[PDB]
Structure formats: C-alpha cells, structure tokens
Engineer: 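Quick one: this structure, given as structure tokens, is what I'll be asking you about.
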Amino acid sequence: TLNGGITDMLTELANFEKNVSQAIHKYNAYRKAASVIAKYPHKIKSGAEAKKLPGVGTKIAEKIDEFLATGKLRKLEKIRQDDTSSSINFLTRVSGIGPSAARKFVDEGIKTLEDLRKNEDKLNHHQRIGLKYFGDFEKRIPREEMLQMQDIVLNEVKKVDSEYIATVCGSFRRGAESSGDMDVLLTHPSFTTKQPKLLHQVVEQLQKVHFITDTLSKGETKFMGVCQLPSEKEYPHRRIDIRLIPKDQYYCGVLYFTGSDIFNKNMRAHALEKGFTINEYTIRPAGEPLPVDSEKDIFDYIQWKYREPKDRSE
DNA sequence: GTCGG
DNA sequence: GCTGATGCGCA
DNA sequence: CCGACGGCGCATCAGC
Ligand SMILES: [Cl-]
Ligand SMILES: [Mn+2]
Ligand SMILES: [Mn+2]
Ligand SMILES: [Mn+2]
Ligand code: NA
Ligand code: NA
C-alpha cells in the first residue's frame with residue numbers, strides 16, 4: 001500500500017461526509033480520490049503530484065500537503081474530537097443504522113453499543129441483528145471458508161432443482177484471499193410469465209439445513225441475510241446476499257456483481273466510447289439490449305480483450 | 001469536492 | 001387500519 | 001460561477 005496513509009485519510013473523510021454531513025456527493029468525491037490514489041504506482045510526495053490525478057482537486061491536494069508534512073489532518077482530528085460526529089459515525093457501523101437513525105439515536109443520548117443493547121425496543125428487526133453480530137459482521141471471511149460456504153449453497157440449490165444456476169460473485173470470484181461477505185446470483189430456465197417462490201425455495205432450503213440463520217430483508221428477487229458454516233470454536237456469522245435475475249440478464253449481472261467496482265466504472269467508461277451504455281441488467285447500443293451469451297461478448301462490444309475475473313481489479 | 005460546461 | 005414518505009444497503 | 005454527480009428492492013412507520 002504505497003499511499004495507504006493518504007487513502008485512509010480520504011476514506012475517513014468520506015465516511016464523515018456520508019454519516020454526519022449527509023453529503024453523499026462529497027462522500028463519493030472523496031471515495032473517487034481515494035481510488036485514483038490507491039491505483040497510482042508511485043509514492044506521492046506532494047499534493048501537486050496527486051493533483052495531476054482526476055478526482056483529486058484543490059482542496060484534497062492541500063489536505064495531502066498537510067498530511068505528508070504533519071502525518072495528521074487537523075480537520076479529522078477536530079471531527080474525531082467532537083462527541084456528536086464521533087458517536088454518529090460509530091453507530092452507522094451497525095448494519096441497519098444509517099445516518100438518519102444514527103443521528104436520531106445520538107440526539108436521544110444513545111451513542112454506544114451498550115446504549116443500543118440497553119434499548120432493544122427502539123431498534124427494528126434489522127438493527128437488532130446488526131447489533132447482535134456487530135463484531136462478526138466487521139470480520140473478513142477467509143477464502144478457505146468462502147469455498148466451503150459456496151459448497152453448501154451450490155449443493156442445497158441443486159437439491160431444490162437440478163436446473164437452478166448459482167454463482168458466487170463479488171471479491172470471491174476474483175480470486176480474492178478473503179471477502180467482506182458472500183454474494184450469490186441465482187437464475188433458472190423458467191424465469192426470463194412470472195412465478196413466486198423461485199427464490200423462496202432456495203432460501204427455505206438453506207434455512208432448513210441451518211446455513212441461513214437470520215433474515216434482514218426478503219422479496220421475490222432479493223434476499224439479504226445472515227449465514228454460518230456448521231461446526232469447536234463456532235464460526236462467525238456472515239452476511240449473504242442472494243439475487244434472482246432473469247436468465248437472459250445473466251452475464252451482465254455476473255459481470256457487474258463479480259466485483260472490482262473500479263473495473264465496473266471503467267468498463268462503463270469505455271462503454272460510452274464506441275457508444276454503449278452498460279448496467280447490471282443489459283448492454284445497449286438507447287437501443288434494445290444487444291445479445292449477450294458470454295462475458296467476452298460484453299467486451300466484444302467495445303472491442304477490448306476479455307478480462308478473466310481474477311484479473312479485473314482494475 | 002471535482003470537473004466539464 | 002392504510003400507504004405515501006423515507007431510510008437502508010448494496011457492485 | 002454552477003449544476004451533475006446510480007438506481008432500486010424491500011422494510012418501517014407518521015400522519016392520516
Ligand atoms: Cl453533497
Ligand atoms: Mn451510556
Ligand atoms: Mn462481496
Ligand atoms: Mn456484497
Ligand atoms: Na486532479
Ligand atoms: Na449502518
């Protein structure tokens with residue numbers, strides 16, 4: 001991490017803009033800077049050097065000069081010094097507590113995990129769960145364990161129906177050594193009329209075998225919940241998302257959820273060059289959805305040699 | 001906050 | 001009771 | 001100087 005000091009400062013600034021200031025555009029601006037600096041192959045010696053980078057402007061360059069010179073930033077020092085900011089920032093670490101709920105709680109005098117634990121009544125189902133598994137949800141997931149989770153998900157899916165396709169995407173599919181969570185895409189030849197229970201079947205099964213232990217949200221296309229490898233020292237509970245998408249939106253969905261949100265941004269960047277527009281559902285000339293029967297295909301559009309998953313962090 | 005308009 | 005309004009998390 | 005900057009599935013609940 002050639003410039004981790006700087007990207008950490010920028011990311012703590014972004015979090016503050018999102019969580020306290022509720023300025024989502026600044027939050028994004030700061031994350032854009034952090035990413036262009038994290039991808040930069042030199043050790044930055046000055047703000048003027050960073051300023052060459054797109055996403056890095058006047059203000060950020062100046063903060064960079066201060067950090068490189070002092071090793072700190074007075075603004076972040078001040079922020080972290082304030083009770084309200086620091087408390088609002090912290091509470092958003094609970095899944096289900098956003099900037100609005102965090103700010104409501106703090107104003108009520110509820111500012112800590114203890115306070116939360118001492119006010120179950122003012123928490124909704126999702127927030128109770130994020131609290132219950134606060135530490136767990138902050139832990140990384142070793143690849144060895146992801147491979148084991150993947151096993152259970154593919155197998156139980158098969159047991160419901162021999163046609164379902166399940167693919168684990170996100171950091172996992174990129175070959176990453178650890179994951180923040182598990183992201184599962186699901187398709188089935190019958191869904192491209194409609195039918196209920198298509199996702200519900202898979203969810204119910206995984207519950208039956210005690211893999212999925214908690215539900216955060218659930219509808220006919222998206223499941224958000226908690227899961228755990230069977231057991232010795234219990235394994236930590238983990239976040240899992242499952243998405244049911246139309247079989248004809250498969251590769252666009254897989255490509256998009258594979259991860260490297262960065263990679264996404266710039267494959268989007270080069271999309272509108274040969275005049276294309278790609279989202280998670282389709283690639284369009286906008287026009288009607290161009291035929292997609294591979295990840296290479298989507299590339300074929302904007303020229304562009306096929307990147308394999310484990311290469312697309314960039 | 002940054003960048004194109 | 002209802003539902004329009006809003007919050008939340010997520011590549 | 002100034003406006004654009006991603007959208008959506010699902011859950012909750014203030015104000016009828
Ligand atoms: Cl903003
Ligand atoms: Mn207290
Ligand atoms: Mn993930
Ligand atoms: Mn995810
Ligand atoms: Na710049
Ligand atoms: Na949160």
Side-chain angles (χ1 to χ4, degrees), chain A residues 9-11 13-14 16-19 21-37 47 50-64 75 88 91-105 121-130 137 167-174 176 179-185 199-200 203 214-226 239-245 249 251-264 266-269 271 277-282 309 312-313:
Chain A
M9 164 191 60
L10 296 182
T11 303
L13 280 168
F16 158 81
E17 293 301 342
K18 176 179 173 182
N19 300 333
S21 308
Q22 308 200 23
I24 199 71
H25 303 304
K26 296 201 182 180
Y27 159 75
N28 291 328
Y30 278 119
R31 260 160 76 255
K32 180 186 177 174
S35 193
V36 191
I37 286 155
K51 177 82 157 55
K52 293 199 245 161
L53 304 182
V56 173
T58 298
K59 310 271 301 250
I60 283 150
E62 185 175 28
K63 288 171 164 53
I64 283 175
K75 170 183 182 66
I88 290 170
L91 287 181
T92 71
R93 291 168 49 175
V94 182
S95 194
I97 300 195
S100 169
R103 175 175 294 283
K104 189 250 184 72
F105 290 149
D121 43 285
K122 304 177 173 200
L123 306 189
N124 59 35
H125 177 67
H126 178 149
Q127 295 168 336
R128 290 169 209 259
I129 297 278
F137 286 0
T167 316
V168 179
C169 303
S171 37
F172 171 69
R173 194 168 172 261
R174 292 173 296 180
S179 279
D181 68 10
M182 164 158 269
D183 299 302
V184 189
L185 257 54
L199 181 44
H200 171 74
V203 171
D214 302 275
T215 300
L216 297 170
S217 58
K218 182 171 156 305
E220 298 180 3
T221 61
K222 171 243 270 128
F223 169 86
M224 293 188 24
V226 180
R239 278 280 291 110
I240 170 169
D241 292 352
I242 309 200
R243 314 188 165 239
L244 181 79
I245 62 153
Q249 293 193 357
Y251 303 96
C252 282
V254 160
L255 177 71
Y256 182 69
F257 287 92
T258 281
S260 209
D261 72 346
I262 320 308
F263 181 88
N264 279 6
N266 261 333
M267 126 124 29
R268 189 111 74 222
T277 168
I278 289 208
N279 56 34
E280 56 202 60
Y281 320 103
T282 61
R312 10 174 136 172
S313 303

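We use all heavy atoms of the structure for the numbers below, so side chains are in, but hydrogens, waters and symmetry mates are not. Chain letters run A, B, ... following the sequence lines, proteins first and then strands; every chain starts at 1.
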Engineer: Rounding to an integer number of Å, can you tell me how far A:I240 CD1 sits from C:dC10 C1'?
Structural biologist: 15 Å
Engineer: Any base atoms under 4.0 Å from A:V94, or only sugar-phosphate, or nothing? Heavy atoms, all strands.
Structural biologist: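 Counting heavy atoms under 4.0 Å across all strands, the contact made by A:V94 is with sugar-phosphate only.
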Engineer: Between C1' on C:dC10 and OH on A:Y27, what's the gap in Å once rounded to a whole number?
Structural biologist: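 After rounding, the reported distance stands at 10 Å.
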Engineer: Remember a base hit wins even if backbone is also touched, and classify A:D241 as base, sugar-phosphate or nothing at under 4.0 Å, heavy atoms.
Structural biologist: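 Here A:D241 touches the backbone only, sparing every base.
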Engineer: How would you label the contact of A:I97 with the nucleic acid (heavy atoms, under 4.0 Å): base, sugar-phosphate, or nothing?
Structural biologist: sugar-phosphate
Engineer: Check the distance between C:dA11's P and A:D181's CG and give it to me in whole angstrom.
Structural biologist: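 Result: 7 Å.
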Engineer: With sequence neighbours excluded, tell me which residues meet salt bridge (charged side-chain N to carboxylate O under 4.0 Å, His left out) with A:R173.
Structural biologist: A:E295
Engineer: Any non-hydrogen side-chain atom of A:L255 less than 4.5 Å from a side-chain atom of A:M267?
Structural biologist: yes
Engineer: Heavy atoms under 4.0 Å is the rule here; annotate nucleotides 3-13 of chain D 5' to 3' with B where the base is hit, S where only the sugar-phosphate is, and - elsewhere.
Structural biologist: --BB-SBSSS-
Engineer: Starting at CE of A:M267 and ending at P of C:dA11, how long is that distance when rounded to a whole Å?
Structural biologist: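 These atoms are roughly 17 Å apart.
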Engineer: From CZ of A:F16 over to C1' of B:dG1, roughly how many Å is that when rounded to an integer?
Structural biologist: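 In whole Å, B:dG1 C1' lies 13 Å from A:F16 CZ.
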Engineer: Using 0.5 Å steps for rounding, measure from the CZ atom of A:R243 to the CG atom of A:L199.
Structural biologist: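 The CG atom of A:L199 is 11.0 Å from CZ of A:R243, to the nearest 0.5 Å.
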Engineer: Say you pick atom P in B:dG4 and the same atom in D:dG6; how far apart are they, in whole Å?
Structural biologist: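 Each nucleotide's P atom is 16 Å from the other's.
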Engineer: Would you mind telling me which of A:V168, A:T258, A:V254 makes a side chain to side chain contact (heavy atoms under 4.5 Å, CB included) with A:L185?
Structural biologist: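 With A:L185 as partner, A:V168, A:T258, A:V254 yield a single side chain to side chain contact (heavy atoms under 4.5 Å, CB included), made by A:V254.
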Engineer: Between C:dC8, C:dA11, B:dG1, which nucleotide gets closest to the side-chain atoms of A:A29?
Structural biologist: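 Between C:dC8, C:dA11, B:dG1, the one nearest the side chain of A:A29 would be B:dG1.
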Engineer: Grab the N/O contacts between the protein and nucleotides 14-16 of chain D below 3.5 Å, and write none if there aren't any.
Structural biologist:
none

Engineer: On a whole-Å scale, what distance lies between the P atoms belonging to B:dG1 and D:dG9?
Structural biologist: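 Between the two P atoms, the distance is 33 Å.
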Engineer: Rounded at 0.5 Å granularity, tell me how far OH in A:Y256 sits from CG in A:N279.
Structural biologist: 8.5 Å
Engineer: Below 4.0 angstrom, which residues in residues 53-61 of chain A have at least one non-hydrogen atom near DNA chain B?
Structural biologist: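 Within this stretch, A:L53, A:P54, A:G55, A:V56, A:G57, A:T58, A:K59, A:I60 sit under 4.0 Å of the strand.
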Engineer: By the 4.0 Å heavy-atom rule, please label A:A101 as base, sugar-phosphate, or nothing.
Structural biologist: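 Sugar-phosphate only.
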Engineer: Give the rounded distance in Å between these two atoms: CD of A:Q22 and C1' of B:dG1.
Structural biologist: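 Rounding to the nearest Å, CD of A:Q22 and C1' of B:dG1 are 18 Å apart.
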Engineer: Test of understanding: with salt bridge (charged side-chain N to carboxylate O under 4.0 Å, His left out), list the residues that count as partners of A:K122, not counting sequence neighbours.
Structural biologist: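 In terms of salt bridge (charged side-chain N to carboxylate O under 4.0 Å, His left out), with neighbours along the sequence ignored, A:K122 is linked to A:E108.
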Engineer: To the nearest 0.5 Å, how far apart are CZ in A:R312 and CD1 in A:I262?
Structural biologist: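 Rounded to the nearest 0.5 Å, the CZ-CD1 separation comes out at 15.0 Å.
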Engineer: Hey, what do you get for CG (A:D181) to CE (A:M224), rounding to the nearest 0.5 Å?
Structural biologist: 9.5 Å
Engineer: Rounded to the nearest Å, what distance is computed from the CG atom of residue A:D261 to the P atom of nucleotide C:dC10?
Structural biologist: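 Computing the A:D261:CG to C:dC10:P distance gives 13 Å.
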Engineer: Name the nucleic acid region contacted by A:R103, choosing base, sugar-phosphate or nothing; use a 4.0 angstrom heavy-atom cut-off, strictly under.
Structural biologist: nothing
Engineer: Tell me if a side-chain donor or acceptor on A:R239 pairs with a main-chain N or O of A:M182 at a distance below 3.5 Å.
Structural biologist: no
Engineer: Within a strict 4.5 Å, meaning less than it, do heavy atoms of the A:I129 and A:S95 side chains meet?
Structural biologist: no
Engineer: Taking only residues two or more places apart in sequence, or in another chain, which ones meet A:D214 in a salt bridge (charged side-chain N to carboxylate O under 4.0 Å, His left out)?
Structural biologist: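 Per chain and number, A:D214 pairs via salt bridge (charged side-chain N to carboxylate O under 4.0 Å, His left out) with no residue.
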Engineer: Kindly compute the distance separating CD1 (A:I240) from CG (A:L216), expressed to the nearest 0.5 Å.
Structural biologist: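 Here the rounded value is 11.0 Å.
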Engineer: Think A:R31 has a side-chain N or O under 4.0 angstrom from the OP1 or OP2 of B:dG1?
Structural biologist: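 Result: no.
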Engineer: Just the rounded figure in Å: distance from P of C:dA11 to CZ of A:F257.
Structural biologist: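 So the CZ-P distance, A:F257 to C:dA11, works out to 5 Å.
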